[PDB]
There are 2 protein chains.
Amino acid sequence: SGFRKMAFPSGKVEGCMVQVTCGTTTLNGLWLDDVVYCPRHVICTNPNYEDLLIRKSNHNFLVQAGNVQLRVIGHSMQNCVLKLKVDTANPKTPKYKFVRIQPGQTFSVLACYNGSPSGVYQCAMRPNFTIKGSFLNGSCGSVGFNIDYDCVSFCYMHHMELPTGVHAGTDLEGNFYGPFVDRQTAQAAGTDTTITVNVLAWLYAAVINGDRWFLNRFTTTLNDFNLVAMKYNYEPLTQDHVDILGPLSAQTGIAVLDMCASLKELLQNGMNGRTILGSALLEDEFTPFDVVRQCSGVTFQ
Amino acid sequence: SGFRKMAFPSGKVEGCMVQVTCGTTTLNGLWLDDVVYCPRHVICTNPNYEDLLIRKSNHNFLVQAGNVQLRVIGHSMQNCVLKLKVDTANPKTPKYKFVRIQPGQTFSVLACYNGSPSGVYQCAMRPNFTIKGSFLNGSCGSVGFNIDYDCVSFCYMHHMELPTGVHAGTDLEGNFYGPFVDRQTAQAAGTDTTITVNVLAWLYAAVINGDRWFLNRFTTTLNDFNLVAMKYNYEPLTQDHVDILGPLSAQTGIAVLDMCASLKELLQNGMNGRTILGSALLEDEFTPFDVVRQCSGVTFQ
Ligand SMILES: *CCC(=O)N(C[C@@H]1CCNC1=O)NC(=O)[C@H](CC1CCCCC1)NC(=O)[C@@H](NC(=O)OCc1ccccc1)[C@@H](C)OC(C)(C)C
Ligand SMILES: *CCC(=O)N(C[C@@H]1CCNC1=O)NC(=O)[C@H](CC1CCCCC1)NC(=O)[C@@H](NC(=O)OCc1ccccc1)[C@@H](C)OC(C)(C)C
């Protein structure tokens, strides 16, 4: 038992991290087969990246993979990411995919500096398309990912920090999550909301782990739940959410709509100085998947 | 910015995990050079492990490393761990050390099942020498570790779960942390306490990240702080603790004893529906080291 914020084993991604240096900008890149993916603002000198990139040669890009100099033989820009074609394919390339995730979905982040991984933690893509990460200078280019058996599904590359200390970035094809753009002009996060289906998943995790104090005899309609949810800045719960929580409902014997009644009362009354899973807040960065994976034992390799 | 519960990159340990099977017991083992380390209760059939181990041959131990059968050519028992000598040294062996940590020190856990890593999270060794982990059937043999530049310092191997859902285990030389023994007889955790120096470190992390609301104009003596600390089930703070928090004190300009005054008032008055670092509880599983590493940028390779 127990319940922890669990990242995927990072080793398959660690063997892909590289340093990309050109001019006075150094950042992290991601080396899969013979391409190195990195944020496009590595390009030298309110920017126009087309104009800036036609002015560069291959030999301007210094790519260090360990103690080895990688030779750039081609380059192209796709959205906000640069793709540097190197003369060597990465022997540690895992089976992988590029995936653009939906808000509410979680992933693991391997924080890197100078192509050297520093730590791994678990994140969610917030409803306003930021992540509450942990990132310092030089972290851009670090990626977020999920692993499914033997396949790394990369879903995030880090670019910037917003004034409120949250983080914005792109999928691996360079498309920002949310309305953000890669230039140092005024922009800010939209107002965020709580990921309701995830909170319910976490409540089910509590029940699986022996915590029951927050349950009740009440029930509620989907409509009536959403009316109280909206009041507490929670995302609406759809029938689709209900269906994903099906198998957790069936493991525990608590109908989804019964767990909604318990959540409703938690919102209306607070937790009164009690904790759920060692937390005094309702936690919303576990998906229904995350819960099932951690309380059944699904490994990856 | 931001502040996350950050585990070390796990890749260096993932390449050491193996399956150890003998009789009807299968668990995880740790393959460094030509030895496989695993919990001794893999031994067949209130136990007497000497007697049980003299009755086994090498060919009773099935060790799977990937799709490869490892051949056991020797075995020895050291405390509660078994050391299986295999005919092949692990080519992915990192630079490493075996270290027995003090309570309050944190580490990363790579949860494994059948020699296949499942996830990584960060833990602390509680003052009562348990860890609040996340572990299912077949997780014993999973290790906890720290990384310092290029060196893995293994400090924990997992053995058992206690009735309260916390976890007990050994160092890599087989010595249990705490008073626990590896047999299925009544035993339970001592009463735990909060790791005071870690809570203070986390408060400094809050200040580094821009949170200041909990500070105050008051100050306090070391003695007077410990008198209120003891009342709230906190560990005593020693002058040695004070000195470790030195460099965090100097980064922030808040004398250690001034941060103690702020902690004192937090304990006496609660947090009044505010949060520190997205937490509504005082968090005690970050060491002063962890904070400095995460808010300065120390990498490892
Ligand atoms: C690529 C370098 C890098 O690692 N990184 C990550 C952030 C540094 C600190 N924490 C991080 O996660 N990105 C950057 O530093 C950005 C570099 C820009 C170069 C030009 C194209 C866009 C990326 N800069 C930022 O992330 C800044 N944020 C920002 O400019 O937001 C828009 C904005 C501009 C002006 C006013 C208000 C908002 C950060 C570093 O600046 C602050 C505000 C966080 C201090
Ligand atoms: C090695 C198998 C394994 O993965 N594992 C880890 C735990 C399983 C579930 N969560 C875990 O972390 N260890 C075991 O399952 C233990 C096997 C024992 C074999 C003989 C030598 C000692 C290890 N068993 C336990 O951890 C049990 N705990 C236990 O027996 O505690 C002492 C005790 C005995 C009797 C009464 C009260 C306390 C667990 C699995 O049993 C419960 C109580 C947690 C259900």
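Atoms within each ligand, like the ligands themselves, are counted from 1 in listed order. Just so it is clear: chains get the letters A, B, ... in the order the sequence lines come, proteins before strands, and each one is counted from 1.
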Subject >> Exercise check, heavy-atom protein proximity under 4.0 Å to atom 26 (O) of ligand 1 >> reply: yes

**OP:** Mind checking whether B/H41 contacts ligand 2 via backbone (N, CA, C, O), side chain (CB onward), both or neither, at a 4.0 Å heavy-atom cut-off?
**Re:** side chain

**OP:** Examine ligand 1 and decide if any of its atoms is less than 4.0 Å from a heavy atom belonging to A/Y49.
**Re:** yes

**OP:** Would you kindly specify which portion of A/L27 sits under 4.0 Å from ligand 1, judged on non-hydrogen atoms: side chain, backbone, both or neither?
**Re:** neither

**OP:** Under 4.0 Å from a heavy atom of A/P163: give me the atoms of ligand 1 that qualify, with their elements.
**Re:** 37 (C), 38 (C)

**OP:** Under 4.0 Å from a heavy atom of A/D182: give me the atoms of ligand 1 that qualify, with their elements.
**Re:** 21 (C), 22 (C)

Subject >> Under 4.0 Å to a heavy atom of A/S139 - the qualifying atoms of ligand 1, by number >> reply: 4 (O), 6 (C), 12 (O)

Subject >> Option of least heavy-atom distance to atom 35 (C) of ligand 1 (set: A/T164, A/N46, A/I43, A/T185) >> reply: A/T185

Original post:
Which is it for A/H167 and ligand 1 at heavy atoms under 4.0 Å: side chain, backbone, both or neither?
Top reply: side chain

Original post:
Would you call B/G138 a ligand 2 contact, heavy-atom distance under 4.0 Å?
Top reply: yes

**OP:** Kindly indicate whether atom 40 (C) of ligand 1 is approached by any protein heavy atom to under 4.0 angstrom.
**Re:** no

**OP:** Taking the side chain as every heavy atom from C-beta outward, state whether A/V72 and A/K85 have any pair of such atoms under 4.5 Å apart.
**Re:** no

Original post:
With respect to atom 30 (O) of ligand 2, which of B/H159, B/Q184, B/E161 exhibits the smallest heavy-atom separation?
Top reply: B/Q184

Original post:
For ligand 2, is there an N or O atom under 3.5 Å from any N or O atom of B/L162?
Top reply: no

**OP:** Would you please indicate yes or no on a ring centroid separation below 6.0 angstrom for B/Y121 and B/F107?
**Re:** no

Original post:
Does a side chain donor of either A/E283 or A/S279 reach within less than 3.5 Å of an acceptor in the other side chain?
Top reply: no

Original post:
Which atoms of ligand 1 sit under 4.0 Å from any heavy atom of A/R183?
Top reply: 21 (C), 22 (C)

**OP:** Before signing off on this row, confirm whether A/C140 and ligand 1 have an N or O atom pair separated by under 3.5 Å.
**Re:** yes

